[PDB]
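Presented below is the structure to which this report refers.
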Amino acid sequence: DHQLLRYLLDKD
Amino acid sequence: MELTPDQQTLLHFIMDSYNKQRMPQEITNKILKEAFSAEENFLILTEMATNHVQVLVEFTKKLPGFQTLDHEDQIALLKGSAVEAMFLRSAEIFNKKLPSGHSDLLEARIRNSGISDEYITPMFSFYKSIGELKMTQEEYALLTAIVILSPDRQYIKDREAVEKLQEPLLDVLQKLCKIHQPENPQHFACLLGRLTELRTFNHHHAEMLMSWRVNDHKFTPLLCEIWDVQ
Ligand SMILES: CO[C@H](c1ccccc1)c1nc2cc(F)c(F)cc2n1[C@H](C(=O)N[C@H]1CC[C@H](O)CC1)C1CCCCC1
């Protein structure tokens with residue numbers, strides 16, 4: 522699970 | 058031979074995006090300012106690497122077509138390229154001209170970082186080999202984009218989709234090598250060969266870090282995700 526990378530990619 | 062209007066557009070856009078990084082002077086000033094202990098150097102590295110990953114993700118999402126890729130392949134490309142991109146940026150910084158004797162002190166400070174000397178030696182040989190290529194900012198930027206958009210990464214489902222995005226960047230870089238370095242026709246091949254050497258920094262990356270002469274190897278949650286550390 523990689524929620525921080527997923528967050529940074531999907532934000533904005 | 059010559060860049061097309063679309064290629065000049067792509068080049069300037071990659072450059073603008075690449076320049077959002079911390080300036081080399083900001084990094085070298087910190088290291089050259091004073092001698093730090095192995096404990097202070099470990100934290101300087103985790104702070105620098107955390108900032109690098111953040112800036113890298115922003116640069117990556119701006120790469121044409123990256124946002125159209127399968128979301129799992131997007132993560133695979135990031136994890137697959139983060140360490141290589143870090144060392145390519147460190148090689149760029151290491152090779153930036155500084156006042157007489159500063160590059161000697163920088164080298165000595167890096168050697169005194171706190172990690173095993175067996176990891177320091179290939180680092181300097183790679184930096185030296187990048188240095189002899191006398192790369193421009195455009196070459197470092199395009200090569201970083203090419204490293205990120207490598208279709209030959211582990212767990213990539215749709216390799217053709219990645220290949221399609223990498224091809225225009227490879228084409229621009231080849232033209233730049235033919236323009237900037239016309240006396241050296243092996244320059245483009247020389248740059249692509251470096252990318253194979255970059256991949257070696259992957260396998261023993263966690264080991265190099267755990268070899269740091271510190272009591273606790275505490276990494277930020279972002280670094281735990283992108284690297285293979287706990
Ligand atoms: C990949 O790190 C190696 C390293 C060497 C030795 C041990 C571990 C790693 C490295 N090579 C460097 C070359 C330099 F010219 C330079 F200025 C600093 C350099 N660093 C560390 C660092 O700062 N890398 C940042 C990463 C994110 C970027 O956006 C900016 C560079 C390191 C140097 C020693 C003190 C702690 C930090």
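Residue numbers (our numbering), protein chains in the order written: chain A, 522 to 533; chain B, 58 to 287. In this text, a Cβ means the ideal position worked out from N, Cα and C, and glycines have one as well.
N-terminal and C-terminal residue of the alpha helix (DSSP H) that residue i is part of
i        : result
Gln211/B : Looking at the DSSP string, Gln211/B is not in any alpha helix (DSSP H), and its letter there is neither H nor E.
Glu264/B : 262-267
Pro278/B : 278-283
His244/B : 244-255
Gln287/B : It is not in any alpha helix (DSSP H) - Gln287/B carries neither H nor E in the DSSP assignment.
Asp531/A : 524-531
Beta-carbon proximity of residue i to residue j, cut-off 7 Å
i             : j        : result
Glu195/B      : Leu233/B : yes
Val110/B      : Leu279/B : yes
residue 318/B : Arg210/B : Since the first residue shown for chain B is 58 and the last is 287, residue 318/B is missing from the structure and cannot be characterised.
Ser268/B      : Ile177/B : no
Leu67/B       : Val229/B : yes
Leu530/A      : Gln131/B : yes
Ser157/B      : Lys119/B : no
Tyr184/B      : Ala142/B : no
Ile71/B       : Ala218/B : no
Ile84/B       : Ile187/B : no
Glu59/B       : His523/A : no
Other residues of its chain near residue i: CB distance less than 6 Å, five sequence neighbours each side excluded
i            : result
residue 54/B : The shown model of chain B, from 58 to 287, leaves out residue 54/B, and the question about it has no answer.
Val140/B     : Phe258, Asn259, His262
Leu249/B     : none
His244/B     : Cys234, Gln238
Own chain residues within Cβ distance below 7 Å of residue i, not counting five before or after
i        : result
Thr193/B : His237
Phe93/B  : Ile101
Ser138/B : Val204, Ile205, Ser207
Same chain only: Cβ atoms within 8 Å of residue i, ignoring 5 sequence neighbours per side
i        : result
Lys275/B : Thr103
query: Any chance the segment 118-127 of chain B sits against the segment 163-178 of chain B, with 3 or more Cβ pairs inside 8 Å?
result: no
Complete alpha helix (DSSP H) runs within the segment 133-205 of chain B (minimum length 4 residues, chain order): 159-168, 174-188, 194-205
- request: Could you pull out every unbroken alpha helix (DSSP H) segment of at least 4 residues lying fully inside the segment 67-142 of chain B, listed in chain order?
  value: 81-90, 95-118
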